[PDB]
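Residue numbers (the UniProt record's numbering), protein chains in the order written: chain W, 29 to 316; chain P, 1 to 76; chain E, 24 to 334.
Data first, discussion second: the structure below is written as structure tokens.
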Amino acid sequence: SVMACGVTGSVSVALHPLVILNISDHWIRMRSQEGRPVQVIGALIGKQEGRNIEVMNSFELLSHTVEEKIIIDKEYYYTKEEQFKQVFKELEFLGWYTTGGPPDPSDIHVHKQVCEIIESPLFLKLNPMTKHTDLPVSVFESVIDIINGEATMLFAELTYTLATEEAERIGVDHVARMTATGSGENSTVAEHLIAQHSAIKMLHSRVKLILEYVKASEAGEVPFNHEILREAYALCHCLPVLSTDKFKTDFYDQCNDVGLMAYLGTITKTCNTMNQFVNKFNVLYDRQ
Amino acid sequence: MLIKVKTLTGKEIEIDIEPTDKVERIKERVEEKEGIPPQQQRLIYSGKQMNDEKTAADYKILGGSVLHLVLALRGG
Amino acid sequence: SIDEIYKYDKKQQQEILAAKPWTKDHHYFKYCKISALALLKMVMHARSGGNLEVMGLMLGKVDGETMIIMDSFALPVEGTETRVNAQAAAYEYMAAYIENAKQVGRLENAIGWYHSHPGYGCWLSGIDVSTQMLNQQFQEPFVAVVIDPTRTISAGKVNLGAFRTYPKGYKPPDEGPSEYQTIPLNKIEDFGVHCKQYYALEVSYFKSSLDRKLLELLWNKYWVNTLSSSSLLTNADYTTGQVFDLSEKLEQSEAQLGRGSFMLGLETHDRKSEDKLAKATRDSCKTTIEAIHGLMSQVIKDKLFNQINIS
């Protein structure tokens, strides 16, 4: 590599999996057709709110190789910049991604061209040749650093986080599971309750990390503390979440409505089989 | 054949037609009777907008057939 | 396979397009596989509309009775629940997009359209079926898709149905039931007629490395808010509306069964008002299931949190 290897910069970036599945899919297509694996270079869009960056979405760009350098075509980008901004104008341009193993000069050449669009673009690099089990995307920003007195564009690496979007998550569930319907149609109870189930299972796991911490600060292995224990103490005390006389009746009033609602539906269902029984019986045992 | 056409005044007009005739001609007959320029006219035959250079036998229009006239349509 | 699916074949589409099997049968298709991309982009675009309708397009291919949805992209077009063939306004933006797409290396033809019905369920309306029926002649292959982006957050289950409708004057089979997500007071009627005209297709997926995970990890914190959906107030308006309309249907049923359909050596055939109680029982189920589903969001809180007290 070629890297400054400095202190972590002034922005944070957050990392998360489907888009690279979009990239991989292309890579497989391209590889089958041409007869050699072909990389794609592309844009990132997302947001920045503060100094922290949420990379929300991406799209592939066009490129060409003249010499050993890569040139991304500008006219192409500007046309795609006007169409994409009409639908998504909340999102904005963060930077780019490339493909390959450790950092090299041909990435720094292309990163200077991106500096023309926004003066501070992010760089992102994915190795699909990774022999390693951890997440093989690594994030950089470029720093202008002086080495031997001459100013050099050198990269600096960023750590990551995970962030929002429940609307999007419910699709990541479906995507993840890849389960098939059983004998029926899958039940209404089943389909409805899955979130509720998993939610309990999160609280099981949340109780567990707090609990083992409080014990550890008493026992040894973690030292004694005030700031975290005062807060855990306080967390216990809040329960149960209301007990007032005011809540009880309004809670039951809604429960009572949904108790009548259910009763009037189970009768309607029964009425139907009764009308069907009476129809079939009269034809056969009588003359109707 | 004589086809009836429903106009935008709320009435119906019968006009002279040959099956071989291009349909843009019918627009002109409708201008002649209803005073609406063929430039802004759109002929709808049973739910669909009639073409211009295409003929009336291409639409299988008979002498009992009825046309609907409406102004220009654009999606947006 | 896992990689065979990812590559697109131009020739497989050229054979299919010549052959044109769909003219024989429009109930022909049966499965769907939709990309992880297609789905996330479709939910986010739908959610950006708010509680206001938006349309987008899907790029894909077909292979046998499978439809494959490779990618999707949004359109800035208005006319989902008003304009018949709203897509036309979109055409110029689509022509741009497909051209831009081909040159980077995505060559896959348009498979269909997606739109969304926010806060009233996943079903095709009068506008939607009428726009699909033109598309199955002209556009082929063309499939309708619906998603709700608010309902989905509560249940945790993605409601996504990809459908196709039958052309005019085609007799439906006995294919009735589907997922029950309530409709408002005047929209009830519209579902009632249209449902048998179409069918939903079953969905599969695949996954790898940038979008999924910010969401997966975030849910680990996030989980509390989905259990405080508390529907009974949020969409209180739904219960009063459906129940007053369900009463009008029972009046229709009392007369229908009471006097009888006038027939002289003729027996009823498929209709959306044929055997009124048999229809009606199901309308009671879509309203009841949502109501108890409301109770179940309440029941969980009450048992999990409130029973702990202070020991």
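Note that beta-carbon positions come from the ideal geometry of N, C-alpha and C, so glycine has one too.
| Check | Outcome |
| --- | --- |
| Whole runs of the alpha helix (DSSP H) within the stretch 236-300 of chain W, excluding any shorter than 4 residues | 255-265 |
| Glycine 79 (chain E) vs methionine 65 (chain E) beta-carbon contact at 8 Å | yes |
| Cross-chain neighbours of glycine 64 (chain P) in chain E, by beta carbon under 8 Å | Those do not exist, as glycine 64 (chain P) stays about 21 Å from chain E at its closest Cβ, beyond 8 Å. |
| Buried versus exposed call for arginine 129 (chain E) [16 or more other C-beta atoms within 10 Å across all chains shown] | buried |
| Closer than 8 Å to chain E by CB, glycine 75 (chain P) | yes |
| Chain-ordered residues of the stretch 93-112 of chain W with a beta carbon less than 8 Å from chain E | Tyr104, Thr107, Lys108 and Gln111 |
| Of the residues W:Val39, W:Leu43, W:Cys33 and W:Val35, the one placed nearest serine 231 (chain E), counting alpha carbons only | W:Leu43 |
| C-beta neighbour in chain E for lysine 297 (chain W), strict 8 Å | yes |
| Test item: CB-CB of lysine 180 (chain E) and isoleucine 222 (chain W) under 8 Å | yes |
| Complete runs of the beta strand (DSSP E) confined to the UniProt domain "MPN" (55-192) of chain E [at least 3 residues] | 78-86, 89-97, 133-138, 167-170 and 183-188 |
| Strand pairing of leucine 152 (chain W), partner residues [DSSP] | W:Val167 |
| Sub-8 Å separation of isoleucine 48 (chain W) and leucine 233 (chain E) beta-carbons | yes |
| Residue of E:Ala178, E:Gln204 and E:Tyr116 minimising C-alpha distance to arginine 197 (chain W) | E:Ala178 |
| Presumed contact (8 Å Cβ cut-off) between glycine 70 (chain W) and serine 52 (chain W), rounded CB distance | At roughly 13 Å, the Cβ-Cβ gap does not stay under 8 Å, so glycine 70 (chain W) and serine 52 (chain W) are not in contact. |
| Partners in chain W for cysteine 145 (chain E), counting only beta-carbon separations shorter than 9 Å | Under the 9 Å cutoff, chain W gives no residues; its nearest Cβ is about 13 Å from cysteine 145 (chain E). |
| Coarse secondary structure for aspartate 16 (chain P), derived from DSSP in three states | strand |
| Residue-chain proximity (residue 344 (chain E), chain P), Cβ-Cβ < 8 Å | No answer is possible for residue 344 (chain E): the residues shown for chain E start at 24 and end at 334. |
| Residues, ordered as in the chain, of the stretch 182-201 of chain W that lie near chain E by beta-carbon distance below 9 Å | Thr189, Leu190, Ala191, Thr192, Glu193, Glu194, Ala195, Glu196, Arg197, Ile198, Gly199, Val200 and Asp201 |
| Beta-carbon gap between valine 30 (chain W) and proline 133 (chain W) smaller than 8 Å | yes |
| Sequence-distant residues of the same chain with beta carbon closer than 6 Å to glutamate 24 (chain P), five excluded per side | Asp52 |
| Contact check, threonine 175 (chain E) vs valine 107 (chain E), beta carbons under 8 Å | no |
| Whether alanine 32 (chain W) touches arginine 70 (chain E) by CB criterion (8 Å) | no |
| 8 Å CB neighbourhood of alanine 57 (chain P) in its chain, flanking five on each side removed | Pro19 and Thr20 |
| Residues of its chain near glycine 149 (chain E), where Cβ-Cβ distance is below 8 Å and the 5 sequence neighbours each way are ignored | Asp213 and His217 |
| Within 9 Å of chain W by C-beta, residues of the stretch 219-236 of chain E in sequence order | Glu225, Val226, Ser227, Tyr228, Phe229, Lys230, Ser231, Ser232, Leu233, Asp234, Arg235 and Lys236 |
| Straight-line gap, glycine 83 (chain E) to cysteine 55 (chain E) (C-alpha atoms, nearest Å) | 11 Å |
| Residues of the stretch 177-188 of chain E with Cβ closer than 7 Å to any Cβ of chain W, in chain order | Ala178, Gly179, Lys180 and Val181 |
| Coarse secondary structure for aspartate 173 (chain W), derived from DSSP in three states | strand |
| Best match in W:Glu120, W:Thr296 and W:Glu109 for proximity to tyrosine 120 (chain E) [C-alpha to C-alpha] | W:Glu109 |
| Within-8 Å CB hit, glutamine 76 (chain W) to chain E | no |
| Per DSSP, the bridge partner or partners of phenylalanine 121 (chain W) | W:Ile73 |
| Whole-angstrom distance between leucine 312 (chain W) and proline 172 (chain E), CA atom to CA atom | 51 Å |
| Beta-carbon neighbours of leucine 263 (chain W), restricted to chain E and to distances below 8 Å | None at all; the shortest Cβ gap to chain E is about 11 Å. |
| Per DSSP, cross-strand counterpart(s) of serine 40 (chain W) | W:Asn80 |
| Where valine 269 (chain W) meets chain E, residues with beta-carbon distance less than 7 Å | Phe328 and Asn329 |
| Beta-carbon proximity check, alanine 97 (chain E) vs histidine 68 (chain E), cutoff 8 Å | yes |
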